[PDB]
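In structure tokens, one chain follows: the form deposited in one PDB entry.
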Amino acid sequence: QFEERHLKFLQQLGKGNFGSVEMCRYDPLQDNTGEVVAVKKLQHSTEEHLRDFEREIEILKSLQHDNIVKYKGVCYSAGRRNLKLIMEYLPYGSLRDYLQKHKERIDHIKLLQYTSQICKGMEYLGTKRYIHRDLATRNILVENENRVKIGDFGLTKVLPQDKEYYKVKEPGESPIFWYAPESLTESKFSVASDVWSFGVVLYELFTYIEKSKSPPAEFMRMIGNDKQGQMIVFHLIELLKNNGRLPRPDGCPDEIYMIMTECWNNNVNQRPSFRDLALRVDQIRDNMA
């Protein structure tokens, strides 16, 4: 759909797990009438990454929801190598940076608005049996002050038809401080591990991304900063099996922290569903208004 000769580079937006994203202008008339778009590409176009990137593209194309970043197309040159994914451009960047920069205008009601939008997006993913696997505020984007969207599907897996978990071990470093215990121990990913990660996202939101209060800082302080290398993971595992948890963020109401701790159940089957999470969050939001 998009021809790369018209994809005009404006800046690099971010560099992630085997991918990078650039802000470009698609200007096929070359008269500065084209629209600004986001362009995702691989930084090493090997074949596992190309096939996984094709899976990611197909997954994003199959999703249409107010709280999921919009797929716009693909662009290739030289016979389908250098595949690029074209997406809508969201002008406010990640929810992590946005929250860090506007923490004194964003009150609790607004945090719960974002929360409820994230839960609706995640429930829509669950209806397609997609497991996102990388839920974090750095991965949620801000369209405007009233709308956020889940935004990076590079790790998203489709559940097998006969099971409710997906076992995956990738080469790479892993956002272990967002991982459910069964994901750390058995590499099992499910809707319930996405619910654990969502609990961590709720924590993040209510810390307003204060630097010492991030999940990596809190967990490294809890287990001890002398842990170093693979051994860190080991200690984290013990911390979670002895019911060590991230603390209640400053100013967080007890109801919200209880939602968080209910999402951090060691028992996979006792974690709430995203529909219930949305219902509780919406009722709290209505109580506050």
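In this text, residue numbers run from 1 along the sequence as written. Note that the rigid core is defined as the largest set of C-alphas that superpose within 1.5 Å between two forms.
Note that the form deposited in another entry isn't included here; everything after this is about it.
> At a threshold of 2 angstroms on the CA positions, core aligned, which residue out of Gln228, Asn243, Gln30, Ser62 shifts between this form and the one not shown?
The one that moves 2 Å or more is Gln30.
> If I superpose the two forms on their rigid core, does the C-alpha of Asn266 end up displaced by 2 Å or more between this form and the one not shown?
Shift of 2 Å or more: no.
> Hey, does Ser77 budge by 2 Å or more at the Cα between this form and the one not shown once the core is superposed?
Indeed, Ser77 is displaced by 2 Å or more.
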